[PDB]
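J.: One structure, pasted below without further comment.
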Number of protein chains: 2
Amino acid sequence: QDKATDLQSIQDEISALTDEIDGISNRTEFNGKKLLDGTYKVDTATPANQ
Amino acid sequence: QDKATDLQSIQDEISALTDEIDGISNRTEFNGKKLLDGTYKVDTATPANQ
């Protein structure tokens, strides 16, 4: 229906939404505790670094 | 009934009508999507280029 220009507009919105997801992951803090970051990954290859 | 001159007049009209058919095929656009052109042929020899 629409061209790579319009798909590029959709990409503008999507990319903004991504940047917000990172923004959530990194601004989210409970008393400074930035949790959503990968620091607290479920199961690293090395269990010591979980 | 009529001569190659008059048949030529009929050809003038017909040729104009042709030129309009191409004009339809190439001016026709939905949000810029020129469809009637052979870009979207039903079944090329190469299915990759359909």
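All residue names refer to the structure tokens as shown: chains lettered A, B, ... in order, residues numbered from 1 in each chain, ligands numbered from 1 in order.
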Could you list, as a list in words, the residues of chain A having an atom within 8 Å of chain B when counting only C-alpha atoms?
T.: residues 1, 2 and 3 of chain A
J.: Write the selection just made, keeping N, CA and C atoms, as a compact mmCIF listing (two decimals), in the first residue's frame?
T.:
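So the final result, stored in again-v8.txt, reads:
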```txt
# COMPACT_ATOMS: atom_id res chain seq x y z
N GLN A 1 0.80 -1.21 0.00
CA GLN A 1 0.00 0.00 0.00
C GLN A 1 0.84 1.26 0.00
N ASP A 2 1.95 1.26 0.73
CA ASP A 2 2.73 2.46 0.97
C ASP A 2 4.20 2.15 0.80
N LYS A 3 4.99 3.21 0.62
CA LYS A 3 6.34 3.10 0.12
C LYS A 3 7.35 3.08 1.26
```
J.: Within chain A, find each residue whose DSSP state, derived from the backbone, is strand (DSSP E), and express the selection as a PyMOL selection string.
T.: chain A and resi 29-30+33-34
J.: Restricted to N, CA, C and O atoms, what would the selected residues look like written as a short mmCIF file (atom, residue, chain, number, x, y, z; two decimals), in the first residue's frame?
T.:
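And here's out-v9.cif as it stands now:
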```cif
data_model
loop_
_atom_site.label_atom_id
_atom_site.label_comp_id
_atom_site.auth_asym_id
_atom_site.auth_seq_id
_atom_site.Cartn_x
_atom_site.Cartn_y
_atom_site.Cartn_z
N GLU A 29 14.12 2.69 38.63
CA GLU A 29 14.90 2.48 39.84
C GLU A 29 14.00 2.56 41.05
O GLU A 29 13.18 3.47 41.17
N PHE A 30 14.16 1.59 41.95
CA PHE A 30 13.50 1.57 43.24
C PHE A 30 14.55 1.89 44.28
O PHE A 30 15.39 1.05 44.62
N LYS A 33 17.66 1.40 42.61
CA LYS A 33 17.99 0.04 42.18
C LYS A 33 17.52 -0.15 40.75
O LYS A 33 16.35 -0.43 40.49
N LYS A 34 18.45 -0.01 39.82
CA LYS A 34 18.18 -0.22 38.40
C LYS A 34 18.14 -1.71 38.13
O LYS A 34 19.17 -2.38 38.04
#
```
J.: Write out as a PyMOL selection string which residues come within 12 Å of region 20-24 of chain A when counting only C-alpha atoms, dropping same-chain ones fewer than 3 positions away.
T.: chain A and resi 13-17+27-29+34-38
J.: Give me a file of those residues, with N, CA, C and O atoms, as a compact mmCIF listing (two decimals), in the first residue's frame.
T.:
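What ended up in part32.txt:
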```
# COMPACT_ATOMS: atom_id res chain seq x y z
N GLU A 13 8.65 5.89 14.31
CA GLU A 13 7.87 5.65 15.52
C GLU A 13 8.41 4.45 16.28
O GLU A 13 8.63 4.52 17.49
N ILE A 14 8.66 3.35 15.58
CA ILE A 14 9.10 2.12 16.25
C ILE A 14 10.43 2.35 16.96
O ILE A 14 10.62 1.92 18.10
N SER A 15 11.37 2.97 16.26
CA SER A 15 12.68 3.23 16.85
C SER A 15 12.55 4.09 18.09
O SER A 15 13.23 3.86 19.10
N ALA A 16 11.66 5.08 18.04
CA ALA A 16 11.38 5.86 19.24
C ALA A 16 10.88 4.97 20.37
O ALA A 16 11.28 5.13 21.53
N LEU A 17 10.01 4.02 20.04
CA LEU A 17 9.46 3.15 21.06
C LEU A 17 10.53 2.27 21.68
O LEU A 17 10.55 2.08 22.90
N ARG A 27 16.05 3.88 33.37
CA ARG A 27 15.57 4.88 34.31
C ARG A 27 14.85 4.24 35.48
O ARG A 27 14.82 4.82 36.58
N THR A 28 14.25 3.07 35.27
CA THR A 28 13.51 2.37 36.31
C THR A 28 14.42 2.09 37.49
O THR A 28 15.39 1.34 37.36
N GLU A 29 14.12 2.69 38.63
CA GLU A 29 14.90 2.48 39.84
C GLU A 29 14.00 2.56 41.05
O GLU A 29 13.18 3.47 41.17
N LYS A 34 18.45 -0.01 39.82
CA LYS A 34 18.18 -0.22 38.40
C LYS A 34 18.14 -1.71 38.13
O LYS A 34 19.17 -2.38 38.04
N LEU A 35 16.93 -2.25 37.98
CA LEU A 35 16.69 -3.68 37.98
C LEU A 35 16.61 -4.28 36.58
O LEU A 35 17.25 -5.29 36.31
N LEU A 36 15.81 -3.67 35.70
CA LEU A 36 15.51 -4.27 34.41
C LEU A 36 16.75 -4.49 33.56
O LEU A 36 16.72 -5.29 32.63
N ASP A 37 17.84 -3.80 33.87
CA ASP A 37 19.09 -4.02 33.20
C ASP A 37 19.51 -5.48 33.34
O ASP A 37 19.04 -6.22 34.20
N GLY A 38 20.42 -5.89 32.47
CA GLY A 38 20.91 -7.25 32.44
C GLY A 38 21.81 -7.64 33.59
O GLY A 38 22.34 -8.76 33.58
```
J.: Find the distance between CA of residue 41 (chain A) and CA of residue 11 (chain A) and write it in Å to one decimal.
T.: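 Between CA of residue 41 (chain A) and CA of residue 11 (chain A) the gap works out to 28.8 Å.
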J.: Using backbone DSSP assignments, extract all alpha helix (DSSP H) residues from chain A; output them as a ChimeraX atom specification.
T.: /A:4-27
J.: Could you check which of A:26, A:6, A:19, A:12 is closest to residue 39 (chain A), using only C-alpha atoms?
T.: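 Checking each candidate against residue 39 (chain A), we get A:26 as the closest.
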J.: Write out as a list in words each polymer residue whose atoms come within 6 Å of residue 50 (chain A), counting only C-alpha atoms; drop sequence neighbours fewer than 2 positions from it.
T.: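 Once the nearby chain positions are removed, what remains is residues 40, 41, 43, 44, 47 and 48 of chain A.
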